[PDB]
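Engineer: One structure coming up, written as structure tokens, with questions to follow.
Don't worry about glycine lacking a Cβ; one is built from the backbone with ideal geometry, like all the others, and counts go over all protein chains shown. Rule-based calculations on the coordinates, nothing more; no lab input.
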Ligand SMILES: CCCCCCCCCCO[C@@H]1O[C@H](CO)[C@@H](O[C@H]2O[C@H](CO)[C@@H](O)[C@H](O)[C@H]2O)[C@H](O)[C@H]1O
Ligand SMILES: CCCCCCCCCCO[C@@H]1O[C@H](CO)[C@@H](O[C@H]2O[C@H](CO)[C@@H](O)[C@H](O)[C@H]2O)[C@H](O)[C@H]1O
Ligand SMILES: CCCCCCCCCCO[C@@H]1O[C@H](CO)[C@@H](O[C@H]2O[C@H](CO)[C@@H](O)[C@H](O)[C@H]2O)[C@H](O)[C@H]1O
Ligand SMILES: O=c1ncccn1[C@@H]1O[C@H](CO)[C@@H](O)[C@H]1O
Ligand SMILES: O=c1ncccn1[C@@H]1O[C@H](CO)[C@@H](O)[C@H]1O
Ligand SMILES: O=c1ncccn1[C@@H]1O[C@H](CO)[C@@H](O)[C@H]1O
Ligand code: NA
Ligand code: NA
Ligand code: NA
């Protein structure tokens, strides 16, 4: 029952220690408090009444911002995003390109505005400050952790960019992990626009800040000594819109290609598999069969572990956006397999993260531009940081399933 | 009656003199003739029969070019831009993304072709030469003024780019003002595709050349001494298409974000306003209430000044593209408020200009790349140049309303 | 009958010799074997039974990959690419922007993957090696020839990029010609998605490798002495997707502008032509009237030579993508002129090539970046290389019509 979850949490911690760079250098206060916060935060907003009300209150505000932004895309694409689309095309009336992608544009502009007004820096300074006083982590790596709740892995270190070129290997690794453990505000609203419960997305985004530091300081403890703008608000929105547009195009091209490639792979796997009496062999079968123990370990029922593995596996070997796209039909009344509400929550939390191999290349570009002489260290710690980010997402899912 | 318009023209001139860098250095021949041309040009093509026929003749040619270009977008988006769209989605059958944006691509390619053939340089040389002989303005600043009738604020100085790094502060300011007072050929056809009367757009584009110089030489008189390609036609079209595409994407992202942001602001203004007994408070109400005196001053009737202020205000605090997008429904039979034909003309002229704060950043990029050591002067004169450009648009509207 | 084709082949060879840089330096083994291979390859896969089966087998595999990739665009654009589109908009239900353009994205990602796995380098090394052993051409120029079968003119030299800056003028010219004589895998599937028979596209792509070398070594014989990566597979796909997206946007903007420009030209040609009693004068009439002898020479019947000339002419003076777009309606049951199956094949082969003037600018960018000190030689040999590429496409069409 609940005993299988606590074992899950133990196993995840165990792997991180086995993969640590120095188990004897692990700060017990740091990693103890880090797990304490993520677990308590999970308990707070998923179990206790007052915490649940604050979460559903924040989520409804996020849901209101999404609808407001939809006025923009409604103007541009008109009746192609209206209700008449469902009367004509039925299910295919929902055009992903016009329904989900424009959200990335609006939210990138909004967060750009919130940075200009100092609202973002205000929240980050509070959360980032609470972490470093409780965990003993450095100032810079804690701010980047807190920022990563709302923005992406390449945008979060920007709030501490003059400290990045000279921060320690453990600091840099943590910064990498904070980005891999979390997502971004823009894609968040995208996933929400696909049917993913906002309550789970907001919850997972916040639990990423302590969770990211947790596995950063487990797998790479501090063995060194750390240290220590647009002209107007309209320009900020325009710049954010531009950045969002570029991101929207990239995600769209990736989804067309990757899905197309998976369709090509499934065709080949059917022919190759047929040679071994398995003509029905697909990529989803391999991934499900391979990740089922991992899904079963984080709290997914035995009879649903394989289907859960398909999504968790797809997120790891590609990215969370593709995983969510294949998991979204399972959130409607036209779902091929009716899953339990607890399993739906676990997958939602386990997928909520940029933790994949492709993000290393993205970290080399973004985070590497802030410190060009540190691109070697980033590439070297890349895979370890991806694993650490994966453990953080899996821990958050285990915690989530435990309190649900 | 007509007395309120002439007062309007006087007030606008008055503000420019009060904000001048040296009232004693103002060249009476320059600013006298500049106003004389803009006023006479307004009289010519809006009042006298022969001038009205030349304007409607040029506009019908512009309207024919638009339809020819529509063959391109009709090929790409097929039935999504056909008449069947209105039978199915009704009003929402008009998809802005496919109906207006592709025009920017076609017209950018066409103007690129016209530059290659020397047709553009031919017209600019005549109009630019007539201005400098009548106003006494320098050669370079006059060519940039004439070019700005047809192209954008960053493209117009390109016809005199080797003279920009060494031109006087008054010359540079004028170049900045010529761009802010006018629009571009590409967006022109876009506004026309939204229901804005082409006759008003062409008229305002031409009146921008003397009007831009007028307020440039009022607010910043000359106190110094001024001085003095693609391989084939198919390459020119391709390059122009590419530039148009990039612009089309930017405008689209901006419209999605800005409209979405306004929707978000109106939601917040309803809550904040509710604290003061004004739950119906919106951005349009603030802008209308604040710009109504200005609209009333340029010739808009008292009972229509507030609605007119909403659009003029939105153009100033954001850009003219967003203003036109909110003003276009007022040009159809489904308009929420039926406005007088004179008020519709005034708003059309007052909106026709790139005069906004965001254009300073764009001027720093485009015009600043032509003279990197002059980016300080551009940023310093930015706001003054925006005001000057605003006065030029307001003057053109007052003149327009006077002869109508 | 078949005598008119062999005359055609002779004439094409004749022009190349007349335009040669040194007729006395032409290697008879090189150009003899080069024509021998292209002619035999044509005989193999268009005439002999076994060769026809291998071609239709490869084409059905290409047709299967296309459909697999379509799962990606089907996810993004939903019902806008469904069968319901034809029930509502009829013929206009086929939206080119969503039906053809996304193919460039998928195929660019796939070929990027195939390069990473070493599959591309494996095939190129075999075909490129067979050519240089049979023709006596250099190693580098032969690999670029073989690569050009599957990829574009700027991508093909990348497999021999450290040998490009120091290769001979004849080598560089051949590299330029190999790219101009062929197309790319991505646009190939695009043309196939417009109704162009895949069998003709695959055939022409392969016959371009010897055909490109053939006219390279005729018009520019060797008079000198020649010499002699993404972190993971998912990164490769993502990079290829990005490159495909950029290309998809460019092609789309070009098609909107060029078609729009042609519509504008036809309007002007109707007025200008009206002055000489020819109000029905259009661009298609001029191009058809001017290229009809050329089409008649390559095997197109007298009564179909003029219509065939319209398409061949449009490909030359613009690009093959625009030509195919105007030729595609002639491949359906709603064709304005029912053409013979042999004429449809000839046009398909004659159009299959990047041979146009605009590609010189593209060669200056791509191939010129690999050897910046050789941009002068590229620009100098540009037009000659375009002619050579045109002759290669015309030869392939003549050969095709001969065996059909
Ligand atoms: C959808 C509608 C929303 C309604 C909200 C309207 C907001 C109004 C924006 C005004 O902001 C100002 O704009 C200036 C222009 O960019 C800035 O000056 C900046 O640039 C000037 C010159 O360009 C310099 O003089 C200054 O030093 C520099 O602060 C200045 O910082 C900024 O405060
Ligand atoms: C929709 C259909 C429209 C129908 C219209 C057809 C127009 C025909 C275009 C031909 O233009 C020529 O093309 C050359 C190739 O770019 C240019 O040579 C340029 O480039 C050459 C080599 O690339 C150099 O030899 C030259 O010096 C240099 O002028 C040359 O300037 C230009 O006149
Ligand atoms: C749609 C689903 C498809 C299913 C297929 C799944 C394929 C699995 C990809 C794994 O590939 C590895 O990924 C590493 C990470 O990029 C690479 O390490 C590279 O980068 C490392 C660090 O980033 C370095 O340690 C290495 O030196 C360097 O080889 C490595 O080369 C590569 O073999
Ligand atoms: O780096 C990112 N920043 C913002 C949004 C997205 N991504 C990247 O793109 C992917 C898809 O959302 C993520 O897994 C991540 O690697
Ligand atoms: O600078 C520009 N050049 C061409 C088109 C548009 N714009 C900018 O974008 C805005 C929207 O049309 C203008 O206000 C102007 O600042
Ligand atoms: O250079 C290219 N590489 C890949 C795809 C396309 N093109 C260019 O764009 C044109 C349209 O397919 C070609 O004629 C060619 O010049
Ligand atoms: Na993040
Ligand atoms: Na202008
Ligand atoms: Na090629």
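Engineer: Quick one: residue B:376 ticks every box in (1) under 13 Å from the mean Cα position of the chain (by Cα); (2) over 26 Å from residue B:306 (Cα atoms) bar one, so which box is it?
Structural biologist: Result: residue B:376 fails condition (1) only.
Engineer: Still on this structure: Considering each of A:361, A:305, A:385, A:323 in turn, give the residue that is away from chain C (no Cβ under 14 Å) and in contact with a helix residue (DSSP H, G or I) (Cβ under 6 Å, 6 or more places away or on another chain).
Structural biologist: On the way: A:361 fails: away from chain C (no Cβ under 14 Å); A:385 fails: away from chain C (no Cβ under 14 Å); A:323 fails: away from chain C (no Cβ under 14 Å).
Of A:361, A:305, A:385, A:323, the one residue that is away from chain C (no Cβ under 14 Å) and in contact with a helix residue (DSSP H, G or I) (Cβ under 6 Å, 6 or more places away or on another chain) is A:305.
Engineer: Under the condition of being more than 20 Å from the chain's Cα centre (by Cα) and closer than 24 Å to residue B:321 by Cβ, which residue from region A:94-108 is nearest to the other protein chains (Cβ to nearest Cβ)?
Structural biologist: A:97
Engineer: If only one of A:312, A:259, A:272 is crowded, with 18+ Cβ neighbours inside 10 Å and either more than 9 Å from every other protein chain (Cβ to nearest Cβ) or within 16 Å of ligand 7 (Cβ to nearest atom) (or both), which one is it?
Structural biologist: On the way: A:259 fails: either more than 9 Å from every other protein chain (Cβ to nearest Cβ) or within 16 Å of ligand 7 (Cβ to nearest atom) (or both); A:272 fails: crowded, with 18+ Cβ neighbours inside 10 Å.
A:312 is the lone residue from the list that is crowded, with 18+ Cβ neighbours inside 10 Å and either more than 9 Å from every other protein chain (Cβ to nearest Cβ) or within 16 Å of ligand 7 (Cβ to nearest atom) (or both).
Engineer: Go through region C:204-237 and report how many residues are within 14 Å of another protein chain (Cβ to nearest Cβ) and surrounded by 24 or more Cβ atoms within 10 Å (Cβ to Cβ). So that I can check it myself, show each step before the final result.
Structural biologist: First, the residues of region C:204-237 that are within 14 Å of another protein chain (Cβ to nearest Cβ): C:229-237.
Those still in the list that are surrounded by 24 or more Cβ atoms within 10 Å (Cβ to Cβ) too: C:237.
Counting residues in region C:204-237 that are within 14 Å of another protein chain (Cβ to nearest Cβ) and surrounded by 24 or more Cβ atoms within 10 Å (Cβ to Cβ) gives 1.
Engineer: From the list B:247, B:201, pick out the single residue that is within 14 Å of another protein chain (Cβ to nearest Cβ), more than 16 Å from ligand 7 (Cβ to nearest atom) and outside any loop (DSSP other than H, G, I, E, B).
Structural biologist: When all the criteria are applied, what remains is B:247.
A quick yes/no check of all residues on (1) within 16 Å of ligand 5 (Cβ to nearest atom); (2) within 14 Å of chain B (Cβ to nearest Cβ); (3) in contact with a helix residue (DSSP H, G or I) (Cβ under 7 Å, 6 or more places away or on another chain); (4) more than 30 Å from residue A:333 (Cα to Cα):
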position: A:148; (1), (2), (3), (4): no, no, yes, yes
position: A:160; (1), (2), (3), (4): no, no, yes, yes
position: A:163; (1), (2), (3), (4): no, no, yes, yes
position: A:184; (1), (2), (3), (4): no, no, no, no
position: A:192; (1), (2), (3), (4): no, no, yes, no
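Engineer: Out of B:120, B:167, B:176, I need the residue that is more than 16 Å from ligand 2 (Cβ to nearest atom), more than 24 Å from residue B:394 (Cβ to Cβ), in a helix (DSSP H, G or I) and touching a helix residue (DSSP H, G or I) at 6+ places or on another chain (Cβ under 8 Å). Which one?
Structural biologist: Working: B:167 fails: in a helix (DSSP H, G or I); B:176 fails: more than 24 Å from residue B:394 (Cβ to Cβ).
The match here is B:120.
Engineer: Could you say whether any residue in region B:118-130 is within 14 Å of residue B:213 (Cβ to Cβ) and either away from ligand 8 (no atom under 16 Å from the Cβ) or in contact with a strand residue (DSSP E or B) (Cβ under 6 Å, 6 or more places away or on another chain) (or both)?
Structural biologist: If we filter region B:118-130 for residues that are within 14 Å of residue B:213 (Cβ to Cβ), which is where we start, we get B:127-130.
Next, only the ones that are either away from ligand 8 (no atom under 16 Å from the Cβ) or in contact with a strand residue (DSSP E or B) (Cβ under 6 Å, 6 or more places away or on another chain) (or both) stay: B:129-130.
Yes.
Engineer: Could you list, in sequence order, all residues of region C:125-143 that are closer than 19 Å to residue C:227 by Cβ and part of a helix (DSSP H, G or I)? Write out each step before concluding.
Structural biologist: First, the residues of region C:125-143 that are closer than 19 Å to residue C:227 by Cβ: C:125, C:128-129, C:131-133, C:135-143.
Those that are closer than 19 Å to residue C:227 by Cβ and part of a helix (DSSP H, G or I): C:125, C:128, C:129, C:131, C:132, C:133, C:135, C:139, C:140, C:141, C:142, C:143.
Engineer: Just checking: which of the helices (runs of 4 or more DSSP H) contained wholly in region A:42-117 hold 3 or more residues that are more than 30 Å from residue C:81 (Cβ to Cβ)?
Structural biologist: Values: elements: A:49-77, A:84-89, A:96-99, A:101-116.
In region A:42-117, A:49-77, A:101-116 are the helices (runs of 4 or more DSSP H) which contain 3 or more residues that are more than 30 Å from residue C:81 (Cβ to Cβ).
Engineer: Do we have any residue at all in region C:10-31 that's within 11 Å of chain A (Cβ to nearest Cβ), surrounded by 14 or more Cβ atoms within 10 Å (Cβ to Cβ) and assigned to a helix (DSSP H, G or I)? Before you say what the answer is, go through the steps one by one.
Structural biologist: Looking only at region C:10-31, we keep the residues that are within 11 Å of chain A (Cβ to nearest Cβ), and these are none.
No, every residue in region C:10-31 fails to be within 11 Å of chain A (Cβ to nearest Cβ), surrounded by 14 or more Cβ atoms within 10 Å (Cβ to Cβ) and assigned to a helix (DSSP H, G or I).
Engineer: Quick check on this structure: which one of A:79, A:72, A:91 is more than 10 Å from chain B (Cβ to nearest Cβ) and out of contact with any strand residue (DSSP E or B) (no Cβ under 6 Å at 6 or more places or on another chain)?
Structural biologist: Values: A:79 fails: more than 10 Å from chain B (Cβ to nearest Cβ); A:72 fails: more than 10 Å from chain B (Cβ to nearest Cβ).
Among A:79, A:72, A:91, only A:91 is more than 10 Å from chain B (Cβ to nearest Cβ) and out of contact with any strand residue (DSSP E or B) (no Cβ under 6 Å at 6 or more places or on another chain).
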